[PDB]
Amino acid sequence: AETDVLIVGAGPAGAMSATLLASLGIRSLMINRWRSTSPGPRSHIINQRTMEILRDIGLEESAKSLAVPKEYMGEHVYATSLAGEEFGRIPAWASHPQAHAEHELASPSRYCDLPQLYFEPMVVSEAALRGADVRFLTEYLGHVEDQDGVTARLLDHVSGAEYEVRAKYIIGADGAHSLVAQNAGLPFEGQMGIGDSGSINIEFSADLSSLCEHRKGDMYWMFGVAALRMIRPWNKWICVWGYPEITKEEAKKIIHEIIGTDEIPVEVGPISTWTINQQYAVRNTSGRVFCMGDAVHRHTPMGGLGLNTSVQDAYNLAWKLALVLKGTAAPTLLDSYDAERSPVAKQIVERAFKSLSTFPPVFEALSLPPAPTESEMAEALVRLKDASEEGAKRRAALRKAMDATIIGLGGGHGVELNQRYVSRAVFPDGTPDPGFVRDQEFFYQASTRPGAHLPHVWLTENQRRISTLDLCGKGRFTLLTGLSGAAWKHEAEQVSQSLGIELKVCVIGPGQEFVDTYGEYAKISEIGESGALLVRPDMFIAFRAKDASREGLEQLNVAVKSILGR
Amino acid sequence: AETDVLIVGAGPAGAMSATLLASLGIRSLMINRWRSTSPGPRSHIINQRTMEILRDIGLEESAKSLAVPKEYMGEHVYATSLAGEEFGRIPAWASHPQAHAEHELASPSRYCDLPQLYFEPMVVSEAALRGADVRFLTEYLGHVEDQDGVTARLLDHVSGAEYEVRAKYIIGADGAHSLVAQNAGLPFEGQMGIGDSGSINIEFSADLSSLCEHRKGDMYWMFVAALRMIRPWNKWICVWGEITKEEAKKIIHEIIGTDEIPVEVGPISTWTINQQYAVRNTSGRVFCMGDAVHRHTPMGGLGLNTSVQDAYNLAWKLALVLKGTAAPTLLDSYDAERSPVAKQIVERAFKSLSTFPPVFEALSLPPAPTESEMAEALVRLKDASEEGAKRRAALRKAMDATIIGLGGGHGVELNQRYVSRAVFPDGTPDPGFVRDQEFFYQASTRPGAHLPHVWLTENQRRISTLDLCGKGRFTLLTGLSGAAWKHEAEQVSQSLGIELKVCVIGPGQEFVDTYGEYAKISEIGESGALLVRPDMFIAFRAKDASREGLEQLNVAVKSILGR
Amino acid sequence: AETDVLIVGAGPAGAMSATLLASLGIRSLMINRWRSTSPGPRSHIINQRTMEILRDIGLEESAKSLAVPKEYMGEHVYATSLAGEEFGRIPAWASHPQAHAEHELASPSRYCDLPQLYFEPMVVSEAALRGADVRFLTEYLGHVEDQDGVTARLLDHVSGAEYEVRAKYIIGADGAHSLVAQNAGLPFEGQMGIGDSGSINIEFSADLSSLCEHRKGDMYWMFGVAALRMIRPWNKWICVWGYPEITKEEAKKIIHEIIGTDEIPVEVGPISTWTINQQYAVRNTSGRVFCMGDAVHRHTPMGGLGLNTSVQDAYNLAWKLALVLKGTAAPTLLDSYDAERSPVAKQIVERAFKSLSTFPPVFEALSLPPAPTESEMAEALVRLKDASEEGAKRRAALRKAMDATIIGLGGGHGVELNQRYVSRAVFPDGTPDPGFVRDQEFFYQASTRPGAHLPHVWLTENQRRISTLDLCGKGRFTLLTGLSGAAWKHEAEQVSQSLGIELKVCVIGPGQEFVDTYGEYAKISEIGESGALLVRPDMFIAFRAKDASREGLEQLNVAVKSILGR
Ligand SMILES: Cc1cc2nc3c(=O)[nH]c(=O)nc-3n(C[C@H](O)[C@@H](O)[C@H](O)COP(=O)(O)OP(=O)(O)OC[C@H]3O[C@@H](n4cnc5c(N)ncnc54)[C@H](O)[C@@H]3O)c2cc1C
Ligand SMILES: Cc1cc2nc3c(=O)[nH]c(=O)nc-3n(C[C@H](O)[C@@H](O)[C@H](O)COP(=O)(O)OP(=O)(O)OC[C@H]3O[C@@H](n4cnc5c(N)ncnc54)[C@H](O)[C@@H]3O)c2cc1C
Ligand SMILES: Cc1cc2nc3c(=O)[nH]c(=O)nc-3n(C[C@H](O)[C@@H](O)[C@H](O)COP(=O)(O)OP(=O)(O)OC[C@H]3O[C@@H](n4cnc5c(N)ncnc54)[C@H](O)[C@@H]3O)c2cc1C
């Protein structure tokens, strides 16, 4: 064989890497040990960043067609059982109108719900169509790096044959027990994630629309706490509880109990179990090897950051491998992938873990031990309807405990969006880091300073709304300015012809192709009309100039050469 | 010939009074000079207060049918012509996502567009169906007050007969030239406007969906004439601040910018406003409301809305006094509570006008261009120069500032603050508005404020705090630890002969603080209570269920009723 | 390697075969020469039979999510150009209310529009998930049959390796130049399909919603006639015209002309060409080899019968291979696949061709030659607005010509649905063949006589509508009767235990699981309440008894043994 990039793993990080590279005309071979895309729904939250990526490569409309929408997700119920009495609800996934506004303001895209079961084949099939080579039932074994590329060994689970593939780079997208990460010798940290613990799932099928229609939610959590998650509303489900476990048809009895009733016909599907050693890689890159996805960040599902961060890892790297492979960028461009993605890997493992500690106080508020007998809980239900002042303090205590769980259920908007990149890939503009005015995990803060994601606002094109994001992306640098910065067009042209690099310039303003109709661009840009922002193929601002002066203009070339390592 | 209340006027203010009175079992006679309801679309913005009133009387679901919802109203375009180039847009009627959150947090109800052409008949039929006698083609001529009621003289425009009506009260809802306001001798304070001039409106049909559907707005202003939607997107009205031929379709063709679409000119009418508010709305047995007491500009569309709210304030009061449950002094809070609103909404409506000249100044246009000055300005606006960018920034600033009259005045719409004998103070100081009080609603539970909206649940279904309340009766809201309120309410209800529904909100209860938003908005302890008037306003707040706290309910209610 | 069934080809016939077999627990290996599912939209009509199959294996809801619906398809415009003047319209795809009723009455499912581009990966991904082995970049070469199975040779386009796979059967789903059909020596007929002719496609992207919104159609045909087909409304398209052809950016000029205007921005995508030798196989089976799809019927797109007939070939065979592979059926069960599917192969090639002849009379009515100059056509437009009686006869002539094209554009409901099976697989009940009361190509006729598809009507289950079809299918024979035929339950039980075969019985009636609420079952069944219908895994009736008499009961066993070849 022979390819430019061997992509080991076909899950979200791998499927997305192959699609982006193929879109960029890079030859890739993605492999996967198993028969299919993944049997389980697993990962189901899709945050705005991953829906932006889908938008940029034209797959958002598909994603949206197969995905429950945000209006079905909001009602997070805490209760005894599905048919029993609620303790309370919380506005999950930004359903609170203030949350929703903060959400809608931050991006053109929105939260949906799309199980991995569906997400994966949609991306794998697209990578193949875009020209990536894809090959399942192929079980990576190892590799040997030399100065000019790599030579890993493959075991073919159909033929029984074994073979070699010569590449230039290897992406290790191979999941939570990355053999690619072991062989590249990646150091891992923060392993003290509370005694290694798993969870046990249990798919089933029942029409509980009579218990869900009037209160539409992504999830329904019973107090040992067990979650009822909607695969498809409202006939498909899955029960979770915190735990190699075995269960029979006796799981049907657990479900009925969870439903609080035994009179909807149930149909028990597959039963899996999950385990996690919570860790992150301190570095994600070794020589020609680059790991991503679960391969470098392993954690709890709290916040559903994994799949989303996994795809964003792929979006960071792809255009960089493509530029280097084409000789338009030095290989040192590739150093920033660790510089930018590794701090995201630690932050999300740490955040996902920290959310687990928001749940014991729910039990403490009701004066219930870690594990409560049925008489114990039934008594806590009684204490809670007590007409005394102590019953008040108690109802207030539970409300406060419940509210605090939201950080893990749609409240971490800051965590999802607040990426801040420091690297060679990002040319600093001399301004100091401004801060987050509000808590940076809870609330997103838009920034146009180099290192931040391009902020969303609406422009219009033909009197139709277009996002600032839809101007950019597509495996090509974009320069945004206004009428008074007309010189940018020429400066960009010189820089692009000389550096052999595509750089689209958009002069936003009246009578232009794109118009700052609502004035929201002037508002969000942080700089004069004549200033420019340079936006990387991955939506991040890498260069910012305040005006169109000669010294501002002269600096574009220095920044692009610097970004490219030339 | 004999009724308890004679309502003069069948516009929004009159029809609403009749409907509420009738709903309350009070005999009324509502009259109207003309043949029909108003044939003009006129006022169309329905704010949340009016939609709340509609919901309370079960008419919310109806209006909404015949309503254009908020999603169609947002895109306010400023342009040269409809098919020409936009200068820019502003997010009108709370369409900016932050405005929208503030809007939706403030109420169960939402902005809609429902022309008065449709609103009126919807309410006049309900007034008639609910028990009210209604009788158009009948002109109020004058009346004479005496000690026991009033005698009007009516002029039947079908018979030529003239007769008398005896009534215990008279509502003057007879519009911008109230004769009822003149004869009652109500004082008016000016004095805004130079001098007292009107506008011209032009109805017309035309299929304009191809210029409106990708940019859904309530309104499209051209540089100043407004092109306002009646029905999306085929029915219309062209306004601008006489005599006009039917062949003024020209002016329309040019305002919409093309002439390729068939246009069918309907009626052409003129509106003249003399900006004034009554200092007092009440004289003896005469109570004025609507345009009769506040005459003003359409900036902000506060006028139909504040006109209905006048009716919602007065009705349950007339009914309680007519029933003898309440003393006649209870009526005194009508002027104390509604007159300050009447001066506030004229002044506000007028002040918005002055946000428009700065648009022309940004354009460096003369107050009124001529010809190629309006073409030249556009060129300056596209100027690559640094002064051109100052011009664009200046144009943007001027535009943004017009929002105060186009959905921005949420505070104005909602921040009612009543001080009177019908509001029983709880001893706390007036909290301030943390933010600007014209732009931003501030929720309050302090007596004199409207009951705050938040969502509880009933049968795991969302219900608003507002739905528990009103319905022509006083409501007391408390929590589980406030169990005693309900005995106390029962004792107060028998001793005074007045309905007081008590709702104990909590787990296991009929209504549940499912999201905990009530504990959060309440402001008091779970065992505190809030008393809400039939008109959704809080008149008594207790901080807990202590014996001192319990004891005060009966003093408050007696005090609210004048007894 | 080693599998029970080697499936050569991964298009609709192959992807559907692998999904059904995997659903039935049969080990399959499906291969495909190329990188991906097919780049082109191609096949886009989905008729009711293929939407029934999708329903039965639980993929209809997916199919429906990614598919334009019938309400967008109806307006078939004939015109000069898209922005020019229409000649007239016809109610395509059963949009006429009478057509629509006949349509809705015939099935629980409906016409949609779903390009192959999307349909294929949705089925391939499902086959893999259901446990079929799938392997692209694998290029069948040949095989050698012996008495116990087959041994074909494979060429691996990733490794360069070659290898053998031992199977029991081979399905030849390998398209219009079936190497599997050549090697099995299948005779082909009806090749005189008018001098071999092709067509030339031309994908593009433009927002012509302003010309389409008000008249929603699947297609817009210009008069050389060139068709504007909607890939996605209304931004995606493709231009066709009847023709190895080459075109440049000069195709953009053809498009603009077809649009009649050059002011919507266009974006020219890929340009392919199609060619067809119209033929059908006289037999589809040779020893252990079974061909299906284009492999046995090659034809024009008129009526869009290919993809739909292709999938139905797979649905006929799968459950038969599974029963034989499990030893519950003799191998002679497999003889009926040719007996039932081959007459469908000839009928559809012949029908698809015959539709082409409905188009010249449109040109003849307007007195235009085969190929008309621009002055010629412009003159025909003039003649057509002539205020004379000869202008009348002429407008009437064109209306009649246009109406007659509908047989190829949604009018052939009889062709789509009127399958009549005669074979060992179908146990005859002694009644004569009743006939079609109306034209059997135009109008569907429901039949419960053995050999016909189970008729659709609505029952209810929990007061919810359920189709008679939803009772049946699932790789298991089903027996439908009513309360007075209670004996069927026991007779079925004896027959099933002794024959080692699953046979679900449904006793439809009041107070039962399924209820003849509307009485439409009594109406459609053609037999007493106590009669039974036996329905094959593929929805076809194989046995019909008129009542529950002892002789009726005694015959079930004879029929099932006979169907199974035992
Ligand atoms: C059982 C389970 C349940 C989960 N539930 C949730 C949940 O409820 N919520 C949530 O937020 N997250 C959940 N997750 C986490 C989740 O599925 C992801 O984080 C995501 O799938 C990981 O992305 P990758 O693309 O980074 O991982 P992967 O999807 O695991 O991709 C790894 C790929 O590499 C392949 N591979 C591995 N080794 C080799 C090899 N040696 N050679 C060739 N191929 C190889 C694998 O087969 C696979 O194709 C769950 C994970 C699992 C396993
Ligand atoms: C032509 C016109 C256009 C308008 N356009 C707008 C607009 O675009 N936007 C906006 O916000 N507001 C607009 N308004 C303001 C508006 O219609 C209201 O503020 C509202 O109608 C006033 O309510 P009332 O119910 O208070 O007034 P009215 O609707 O005028 O009700 C008065 C009633 O009393 C009756 N009446 C009067 N005299 C007698 C009598 N002597 N005897 C018996 N009955 C009598 C009248 O016939 C009428 O039925 C417009 C008003 C007019 C006249
Ligand atoms: C370019 C084109 C345009 C078309 N347009 C239309 C249209 O507009 N309307 C319409 O109704 N129909 C159209 N069709 C017809 C259509 O696409 C089908 O009838 C259908 O795809 C055929 O089903 P199969 O599943 O029977 O065929 P195929 O989709 O062709 O499946 C054949 C499969 O076998 C593979 N294969 C072939 N040989 C080998 C081998 N030696 N080894 C391994 N694998 C092999 C192929 O790669 C492919 O995966 C078009 C066809 C083509 C080719």
Side-chain angles (χ1 to χ4, degrees), chain A residues 36-37 39-41 44 46 59 61-69 71-73 112-122 125 203-209 212-213 216 218 229-238 265 267 269, chain C residues 12 15-16 19-20 22-23 44-73 103-104 107-130 232 307-308 311 315 456 458 461-462 464-474 539:
Chain A
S36 63
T37 50
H44 60 285
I46 318 295
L59 251 62
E61 290 308 323
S62 269
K64 281 193 277 182
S65 93
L66 295 174
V68 171
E71 304 72 25
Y72 273 59
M73 292 177 72
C112 60
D113 177 303
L114 188 64
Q116 250 180 280
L117 181 48
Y118 318 137
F119 180 102
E120 289 193 22
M122 155 179 94
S125 167
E203 298 166 58
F204 59 96
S205 302
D207 184 1
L208 311 168
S209 81
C212 292
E213 204 30 16
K216 295 176 185 57
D218 196 77
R229 202 193 96 184
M230 168 282 316
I231 302 329
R232 283 329 233 216
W234 304 97
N235 50 289
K236 278 166 198 178
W237 294 102
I238 183 169
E267 291 93 1
Chain C
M16 183 55 68
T19 304
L20 292 161
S23 291
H44 60 285
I45 309 289
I46 318 295
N47 69 28
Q48 290 166 296
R49 280 275 115 99
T50 297
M51 289 300 293
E52 285 157 6
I53 287 133
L54 284 199
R55 191 193 181 89
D56 178 42
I57 68 187
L59 251 62
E60 187 183 37
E61 290 308 323
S62 269
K64 281 193 277 182
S65 93
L66 295 174
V68 171
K70 187 186 169 283
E71 304 72 25
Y72 273 59
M73 292 177 72
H103 181 91
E104 174 167 359
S107 169
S109 320
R110 314 268 183 262
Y111 271 144
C112 60
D113 177 303
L114 188 64
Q116 250 180 280
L117 181 48
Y118 318 137
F119 180 102
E120 289 193 22
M122 155 179 94
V123 178
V124 173
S125 167
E126 186 69 5
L129 284 158
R130 302 221 153 158
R232 283 329 233 216
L307 185 161
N308 308 298
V311 166
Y315 200 49
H456 166 68
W458 291 117
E461 183 178 2
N462 173 35
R464 272 83 187 167
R465 261 138 98 121
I466 186 168
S467 170
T468 44
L469 276 45
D470 301 325
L471 273 57
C472 308
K474 324 266 188 220
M539 271 323 147

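Per chain, numbering begins at 1; letters A, B, ... match sequence-line order. The figures here come from the full heavy-atom set of this structure, side chains too, leaving out hydrogens, waters and symmetry mates.
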TODO: Supply the atom-to-atom distance C:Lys64 NZ to A:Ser65 OG, rounded to the nearest 0.5 angstrom.
DONE: 13.5 Å

- [ ] Could you tell me whether a side-chain N or O of C:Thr19 sits under 3.5 Å from a main-chain N or O of C:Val123, the two making a donor and an acceptor?
- [x] yes

TODO: Under the side chain to side chain contact (heavy atoms under 4.5 Å, CB included) rule, what do A:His44 and A:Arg229 come out as? Steps first, then yes or no, please.
DONE: CA-CA 10 Å; A:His44 60 285; A:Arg229 202 193 96 184; 2.8 Å; yes

Open item on the list: Is there a side chain to side chain contact (heavy atoms under 4.5 Å, CB included) between C:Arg49 and C:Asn308? Walk through the geometry before answering.
Closed with: CA-CA 7 Å; C:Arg49 280 275 115 99; C:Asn308 308 298; 6.0 Å; no

Open item on the list: Just verifying a value: how many Å separate C:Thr50 OG1 and C:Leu114 CG, rounded to the nearest 0.5 Å?
Closed with: 10.5 Å

Task: C:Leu129 side chain near A:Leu117 side chain, heavy-atom distance below 4.5 Å - done: yes

Task: C:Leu469 side chain near C:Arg55 side chain, heavy-atom distance below 4.5 Å - done: no

Task: Approximate separation, where rounding is to 0.5 Å, of A:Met230 CE and A:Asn235 CG - done: 10.0 Å

TODO: Return the minimal non-hydrogen interatomic distance between C:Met51 and C:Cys112, and the atom names on each side.
DONE: SD-SG, 3.8 Å

Task: From A:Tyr72 atom OH to A:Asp218 atom CG, the distance as rounded to the nearest 0.5 Å - done: 13.0 Å

- [ ] Taking all non-hydrogen atoms of both residues into account, name the closest pair between C:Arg110 and C:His103 and its distance.
- [x] CA-NE2, 3.4 Å

Task: Shortest non-hydrogen separation from C:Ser107 to C:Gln48 and the atoms involved - done: CB-NE2, 3.4 Å

Task: Criterion side chain to side chain contact (heavy atoms under 4.5 Å, CB included) on A:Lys216 and A:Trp234, from CA distance to verdict - done: CA-CA 9 Å; A:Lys216 295 176 185 57; A:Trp234 304 97; 3.6 Å; yes

Task: Spacing of CD belonging to C:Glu461 relative to CG belonging to C:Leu471, to within rounding of 0.5 Å - done: 8.0 Å

Task: Stepwise side chain to side chain contact (heavy atoms under 4.5 Å, CB included) test for C:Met73 and C:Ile45 - done: CA-CA 10 Å; C:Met73 292 177 72; C:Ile45 309 289; 4.2 Å; yes

- [ ] Check A:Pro39 against A:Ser36 and note the closest heavy-atom contact, atom names and distance.
- [x] CD-OG, 4.0 Å

Task: Residue pair C:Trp458 / C:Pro108: nearest heavy atoms and the distance that separates them - done: CH2-CB, 3.9 Å

- [ ] Can you see which heavy atom on C:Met122 is nearest to which on C:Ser62, and at what distance?
- [x] SD-CB, 3.8 Å

Open item on the list: When you compare the side chain of A:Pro41 with that of A:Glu203, does any pair of heavy atoms fall below 4.5 Å?
Closed with: yes

- [ ] State the CE-CG distance between C:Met16 and C:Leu307, to the nearest 0.5 angstrom.
- [x] 9.0 Å

Open item on the list: The criterion is side-chain contact (heavy atoms from CB on, under 4.5 Å); which residues satisfy it with A:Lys236, sequence neighbours excluded?
Closed with: A:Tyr118, A:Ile231, A:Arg232

